[PDB]
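Structure first, commentary second.
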Amino acid sequence: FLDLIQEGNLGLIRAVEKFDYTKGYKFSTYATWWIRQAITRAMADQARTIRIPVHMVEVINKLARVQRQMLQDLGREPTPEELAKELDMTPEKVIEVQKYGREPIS
Amino acid sequence: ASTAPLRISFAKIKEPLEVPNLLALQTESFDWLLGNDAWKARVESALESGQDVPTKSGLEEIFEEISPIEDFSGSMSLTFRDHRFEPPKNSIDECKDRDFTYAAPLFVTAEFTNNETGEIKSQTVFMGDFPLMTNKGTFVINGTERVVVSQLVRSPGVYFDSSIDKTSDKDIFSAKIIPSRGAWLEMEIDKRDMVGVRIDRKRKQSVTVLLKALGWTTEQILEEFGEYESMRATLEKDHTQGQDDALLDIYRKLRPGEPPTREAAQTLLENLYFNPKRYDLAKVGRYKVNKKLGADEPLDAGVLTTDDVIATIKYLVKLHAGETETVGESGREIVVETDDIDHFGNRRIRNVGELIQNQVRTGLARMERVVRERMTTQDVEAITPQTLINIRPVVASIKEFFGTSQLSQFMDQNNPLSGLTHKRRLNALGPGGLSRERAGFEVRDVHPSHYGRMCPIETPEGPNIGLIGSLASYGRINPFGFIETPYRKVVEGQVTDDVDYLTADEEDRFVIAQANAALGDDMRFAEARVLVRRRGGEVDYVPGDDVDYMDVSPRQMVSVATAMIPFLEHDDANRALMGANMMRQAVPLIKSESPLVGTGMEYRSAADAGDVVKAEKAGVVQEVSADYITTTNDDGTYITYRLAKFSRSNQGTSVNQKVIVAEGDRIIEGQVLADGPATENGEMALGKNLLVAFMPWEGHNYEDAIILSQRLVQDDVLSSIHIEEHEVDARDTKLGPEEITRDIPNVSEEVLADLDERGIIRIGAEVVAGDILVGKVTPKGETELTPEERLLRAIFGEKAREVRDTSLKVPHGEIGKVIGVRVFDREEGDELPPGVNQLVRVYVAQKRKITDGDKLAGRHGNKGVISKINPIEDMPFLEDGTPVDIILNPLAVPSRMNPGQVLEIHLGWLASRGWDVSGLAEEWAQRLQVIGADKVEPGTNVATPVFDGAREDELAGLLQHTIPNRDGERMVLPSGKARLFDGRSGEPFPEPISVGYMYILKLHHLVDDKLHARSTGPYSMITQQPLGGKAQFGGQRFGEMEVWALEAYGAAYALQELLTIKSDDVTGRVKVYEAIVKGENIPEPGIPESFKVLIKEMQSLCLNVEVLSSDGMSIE
Amino acid sequence: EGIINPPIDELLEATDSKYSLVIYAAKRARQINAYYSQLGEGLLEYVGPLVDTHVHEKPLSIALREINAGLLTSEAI
RNA sequence: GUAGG
């Protein structure tokens, strides 16, 4: 949590370096975008021991959330081809990404 | 009537109340949790019968407890009014087979009502799969049968304590109010003659500042506290005054570093104690608090109130004043007294339902937090019940409980008795409770209150002694969570039929008689003098009509396992403890036989156990076959029961089921139709009944060892099947997929003789160590062949193909005949975990006979390892020529103080050859005639209940009048001994020896599993010392204590080899193996490795540990 | 024909210690074992078993037998 | 975790 706070501070100094009053709004609408950017980058870059690249990271999170949506809607484990279709990828890429998203066990 | 087979009874008093459902504990609690039809049926039955019962199902209780969620505006709300269940898709057997958590779907109707829209939208939402308890009280998770065990804990409420401080030279009194979930508050008085409060033990403080912080003013406090000088001294010493000043003082003390604030303080105290979420006292908590503090009917549910705080202040001060009886605060007059925590009144057991409810409540609280966050970050009119919830918390928490949780344990299926005693056990170890290291002398030992509620005999004899305990035989659970026991109602010195269930504390009020006490022909006491018990565990007597309750049966205290032992009163405590602990470890045999001598309760403990297969309709059987039995009821329903054959049990023993009922026999509902493991005619049978004699014999039975004939090996009397299951997975790796196939590389043709074309061994093909079961080959390894291998191949003209053999082989030291193989495939309909393409599991089943080294034991704590299986002729044979099947040292019996085994033996003999006693007219003769155990034929069983068992006069009289076995003579003398001819020498022994029948069981501590040896094998990774354990060819550990012994002798070289060559030195190990196999002397050991690891680690802490020499740097 | 075949007391008296005996017998057994592992290079410094030998045997038993017979000797440097 | 020592 506290490292996330520091990374948000980093995004804040970045955003205020790139803010001007020309925008006809408050700070809270401009800075928050860059804070979100910095936190997302940190969570994608230094979260996993076996580091994944950013593109694969968003692949993992998209797969996880859409799979959770499938479970919520259908209430059953969807067929691999079904998940492949909602993702539009192939089943081979599906098993690949599923294996790439594990965590080390101590 | 025909429930159980004929069994003569030696009981002397008729039990009024039959044993309840032995397994009600788990099933009723889970039925309450589900809120299914059975729970409501029991609730209405109790209500019409007048018995108290909860009308609110646990699941709907938790769902109603979570109030509709309100944002900062409170515009919208969500009500989870009703839930429902549907039949689970998978069958129990199917779930066991295919590794599926037996469960059913959980739908709840969520109603989203918004005032801003002024609209209600209803939708049924699936919250997640819910595991379900099968009819035998077992949870089938991932194909493994787990069980959950009730947990003892300290119930919430007010507690008080008095102690003596050596320094103070005076007593110190304290109190606490332990909640259900919230933070704990304590209250000490006269710590140094003053009073104070622990708010989570944050800092030193007084009661006066807390009272001032509350709305109660100083004047009224003096008025209500003016009769105790201690409180007057406390307040007059108090300098601070006024509510605000006390509030800011306590706020600064509790949370220093910030300026005090009135509203911040007020809301913090409200959240800490008066908010209904943080400090929700359970129903039992309030029920106990009102009685202990004397408040007459306070709020049924709710957090503590200031009235309760002042009431406990009064109670504490009154206890300090030395007063014993005092007027209750807003209540009746009550005793003030320090309470002992060990007392069973203050110990409450969470059953399965309560634990699952707590876990799902935590999950639903996580869900509430998540959905509140989402609502705070969600737009209006984009809100639906099906979208806002998230089912991840609930399923995550329920699975995280059913796996990796101490109270969720692996079922033990050694025999049905093991199943029962695992079901009923209460465990004090767990989360938020008495852990392993928290134990003390006081908690472990027995208490006067554990009578009829917890058997005091059977507990693990290991380090966890007394932290686990079995439930009593007649025990029952209170809706709050206390345990009750029945008691017969006695009035005006007579015995009324009605039975009332009493709890731990309520029993203290009255004085209860003893069941063993004699009762005359009339309903009145035979003797004016009679033994009774009263408050505090006192055992004083009170003659005449003074009692009002009496134990319903003599066997209340004893548990089911203990109550199996016959002649229990004679045995010591320790030996009955060991005996009960051992009956759980017996293994079923190829053929079972019921005990000739044993208590009459085994039938019930077998029928109530799930292993037997009992009918559920009263019909007629049409076709009988081993695989299935087909029956038809008069209504017209045809039911065919499947009998399991040779299915591996959890511990690795067969679960074969036999068939009893003939073709044309009638059936009454509930009748047993097939045996389980270790059963016969529905009666428990964990062992076999042997002939035994007591005499030392050549030193082959020295120090507890056992000698037995070879007739046991010859007739398979003691033989047990054993099935080992092993599996392999055709995993896919980076280089490619693995293939299970017949084409194995770099092997002879003969080894692949039993393998099928697919590469899977055939069914029935016997295997041995090193064999091949399924032929799997690695896709490829990066091969850089060595020059010698290249030359050899070129000369021989063979190709070193990339694929490598990694086939499963039979483990070393294991034999057997394959009985079953199962194959699962990815591309088929069957689903496997990710990556794996195929799984194959193979069974190997063998028939282990009794051999040297196998453990053996009886029911009275007498256990030993076999030491010699002599031929049939060498056994000292009785006068007629019958050999004695087993020989036992007599030296053990007086020393071990278990005389019962001896009595049993004589009675065992009496059961073998029957007794005839008619018109004898002696005292024991008349007792047998009235009991009905007067005429018996040979071979019929006998029943001696645990405390109503036969006396010695009856045994002596029966021995005097045993039926003639042959030639009109009795082979046993009236003393109970017989003349034994030697087997080897041939002459008769000098004096008669004691002989008779004894029930012997075969413990599961077999020799086959324990054996282990290691020339060389695997090694460890971080430090190369050989990894231990039989499952990986491990080396035995040479301990620090062991090295001390070797250093005592003055032997230095053996130590050096044990520490360097034989482990922890990779360089020298291969050299030593080379020297041994070549034939030269062993080389000179060098430095070990673990020292290098240690110096490297100590260098990493910024300590420059240098290995120097006297002449500068050293050579290493 | 046993580990205890040479009685210990005679060995002890000649050696004068329970530890000097083991070191000295072990050194002799090492020498004999290395001689039997010579396999023909025929170093002159090495010597054979003074007492007769069995077809299969352990060098230490032969060493202890020589000590009991007393044909060997020791001298600390 | 639980058995046996």
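What follows draws every value from the coordinates through simple rules; no lab data is involved. Heads up, the Cβs are rebuilt from the backbone with ideal geometry, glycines too, and the neighbour counts pull from every protein chain shown.
Does residue B:777 meet the test of being in contact (Cβ under 8 Å) with a residue 40 or more places away in the chain, in a strand (DSSP E or B) and surrounded by 11 or more Cβ atoms within 10 Å (Cβ to Cβ)? Criteria not met by residue B:777.
Only a single criterion out of (1) within 14 Å of chain A (Cβ to nearest Cβ); (2) among the hydrophobic types (A, V, I, L, M, F, W, C); (3) in contact with a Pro (Cβ under 9 Å, 6 or more places away or on another chain) is not satisfied by residue B:803, namely (1). Within the stretch B:357-364, does at least one residue satisfy the condition of being crowded, with 16+ Cβ neighbours inside 10 Å, more than 20 Å from the chain's Cα centre (by Cα) and within 14 Å of chain A (Cβ to nearest Cβ)? No - not one qualifying residue is present in the stretch B:357-364. In this structure, residue B:967 qualifies as farther than 28 Å from residue B:14 by Cα and surrounded by fewer than 16 Cβ atoms within 10 Å (Cβ to Cβ). Working only within the stretch B:907-940, note down all residues that are touching a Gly at 6+ places or on another chain (Cβ under 6 Å) and assigned to a helix (DSSP H, G or I). Residues satisfying the conditions are B:908, B:909, B:924. Just to be sure before I move on: is residue B:504 away from RNA strand D (no atom under 16 Å from the Cβ) and either farther than 26 Å from residue B:577 by Cβ or within 14 Å of chain A (Cβ to nearest Cβ) (or both) in the structure I sent? It is false that residue B:504 is away from RNA strand D (no atom under 16 Å from the Cβ) and either farther than 26 Å from residue B:577 by Cβ or within 14 Å of chain A (Cβ to nearest Cβ) (or both). Within the stretch B:13-38, the set of residues being assigned to a helix (DSSP H, G or I) and closer than 20 Å to residue B:420 by Cβ comprises B:24, B:25, B:26, B:27, B:28, B:29, B:30, B:31.
Look at (1) touching a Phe, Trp or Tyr at 6+ places or on another chain (Cβ under 6 Å); (2) away from chain B (no Cβ under 14 Å) and you find that residue A:75 fails only one, number (2).
Residues in the stretch B:1006-1027 that are more than 30 Å from the chain's Cα centre (by Cα) and among the aliphatic types (A, V, I, L, M): B:1013, B:1021, B:1022, B:1027.
Among the residues of the stretch B:412-438, those that are among the hydrophobic types (A, V, I, L, M, F, W, C) and crowded, with 21+ Cβ neighbours inside 10 Å comprise B:417, B:420, B:426, B:428.
Whenever a residue of the stretch B:402-422 is over 11 Å from residue B:149 (Cβ atoms), its partners that are within 13 Å of RNA strand D (Cβ to nearest atom) and of a type in the set (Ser, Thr, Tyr), lying with C-beta atoms within less than 6 angstrom and at least six residues away or across chains, give the pairs B:402/B:408; B:412/B:418. Pairs meeting the criteria (first residue in the stretch B:989-1007 and buried (at least 18 other Cβ atoms within 10 Å of the Cβ), second residue part of a strand (DSSP E or B) and of a type in the set (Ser, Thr, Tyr), beta carbons under 7 Å, at least 6 apart or on different chains) are B:1002/B:720.
When the stretch C:21-57 is filtered for residues that are away from every other protein chain (no Cβ under 12 Å), under 27 Å from residue B:1050 (Cα atoms) and without any contact (Cβ under 8 Å) to a residue 40 or more places away in the chain, nothing remains. Name the residue, out of B:655, B:613, B:597, that is among the aliphatic types (A, V, I, L, M), within 30 Å of residue B:949 (Cβ to Cβ) and touching a residue at least 60 places away in the same chain (Cβ under 8 Å). One residue alone meets the criteria, B:597. The number of residues in the stretch B:67-124 being away from chain A (no Cβ under 14 Å), among the acidic types (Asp, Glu) and more than 23 Å from residue B:56 (Cβ to Cβ) comes to 7. Counting only helices (runs of 4 or more DSSP H) wholly contained in the stretch B:377-466, the ones carrying 2 or more residues that are away from chain A (no Cβ under 14 Å) occupy B:392-402, B:416-424, B:441-444. Residue count for the stretch C:8-20 under the criterion of being more than 15 Å from the chain's Cα centre (by Cα) and more than 14 Å from chain B (Cβ to nearest Cβ): the result is 3. Residues of the stretch A:84-106 that are within 12 Å of another protein chain (Cβ to nearest Cβ), among the hydrophobic types (A, V, I, L, M, F, W, C) and either touching a residue at least 60 places away in the same chain (Cβ under 8 Å) or over 12 Å from residue A:59 (Cα atoms) (or both): A:95 alone. Taken over the stretch C:1-18, the criterion of being assigned to a loop (DSSP other than H, G, I, E, B) and surrounded by 13 or more Cβ atoms within 10 Å (Cβ to Cβ) is satisfied by C:6 alone. Here the stretch B:670-718 is the region considered, the condition is being part of a loop (DSSP other than H, G, I, E, B) and touching a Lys or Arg at 6+ places or on another chain (Cβ under 6 Å), and the residue that is nearest to residue B:604 (Cα to Cα) is B:670.
Only one of the numbered conditions (1) surrounded by 21 or more Cβ atoms within 10 Å (Cβ to Cβ); (2) of a type in the set (A, V, I, L, M); (3) more than 16 Å from RNA strand D (Cβ to nearest atom) is not met by residue B:857, and that is (3). Among what's in the stretch B:433-474 and is within 13 Å of the chain's Cα centre (by Cα) and touching a residue at least 40 places away in the same chain (Cβ under 8 Å), pick the residue that is nearest to RNA strand D (Cβ to nearest atom). Result: B:460.
Cβ-Cβ contacts under 6 Å between residues 6 or more apart (or on different chains), taken from a first residue in the stretch B:1060-1082 that is more than 14 Å from chain C (Cβ to nearest Cβ) and closer than 23 Å to residue B:1023 by Cα to a second residue that is of a type in the set (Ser, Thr, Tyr) and surrounded by fewer than 19 Cβ atoms within 10 Å (Cβ to Cβ), are listed as B:1064/B:1090. Set side by side, the residues B:836, B:810 differ, and just one is more than 14 Å from every other protein chain (Cβ to nearest Cβ) and either of a type in the set (A, V, I, L, M) or under 17 Å from residue B:726 (Cβ atoms) (or both), which is B:810.
Quick check: is even one residue across the stretch B:1009-1026 away from chain C (no Cβ under 14 Å), away from RNA strand D (no atom under 16 Å from the Cβ) and under 30 Å from residue B:856 (Cβ atoms)? Within the stretch B:1009-1026, one or more residues are away from chain C (no Cβ under 14 Å), away from RNA strand D (no atom under 16 Å from the Cβ) and under 30 Å from residue B:856 (Cβ atoms). Of all residues in the stretch B:202-232, those that are farther than 18 Å from residue B:187 by Cα, of a type in the set (S, T, N, Q) and outside any loop (DSSP other than H, G, I, E, B) total 2. Listed conditions (1) among the hydrophobic types (A, V, I, L, M, F, W, C); (2) under 17 Å from the mean Cα position of the chain (by Cα); (3) farther than 23 Å from residue A:59 by Cβ are all met by residue A:2, apart from (2). At least 3 residues being more than 29 Å from residue C:38 (Cα to Cα) is the threshold, and among the helices (runs of 4 or more DSSP H) wholly inside the stretch B:1020-1087 those reaching it are B:1040-1048.
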